[PDB]
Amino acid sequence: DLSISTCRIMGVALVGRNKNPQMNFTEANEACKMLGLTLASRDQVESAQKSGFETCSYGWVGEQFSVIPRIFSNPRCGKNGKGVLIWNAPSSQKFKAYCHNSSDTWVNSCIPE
């Protein structure tokens, strides 16, 4: 089974395997597709972060690098950074995935508008 953000922010969810190992770029893309989603772009993750989305996991985006959205600094998440922090790693490296749902119309899929 996959782990997924319960509430998507600006259409974005963190998607991971339930246990290690995580996913190379191809595998992350395929996880999003299996859910009927696409791999999110860096811009989509940034829009989510600007509406309150943060995680402590690096995940693939469509630009073929990994990102982490951070609002609060934490030494163990994005090396204490804030914003959407980038890790340029080979496509073979394992990360989670950021997926985007183009059908979402709410800022937070758990907060009705």
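All residue numbers are counted from 1 along the displayed sequence.
Out of 84 to 92 and 51 to 59, which one has CA B-factors that are higher on average in the deposited record?
Result: 84 to 92.
For the higher mean C-alpha B factor in the entry, choose 13 to 21 or 96 to 104.
Per the deposited B-factors, the answer is 13 to 21.
Of the residues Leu35, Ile71, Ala40, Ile68, the one carrying the largest Cα B-factor as recorded:
Of the options given, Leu35 has the highest CA B-factor in the PDB entry.
Classify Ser109 as lowest, middle or highest third according to the C-alpha B-factor given in the PDB entry, relative to its own chain.
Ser109: CA B-factor falls in the lowest third of its chain.
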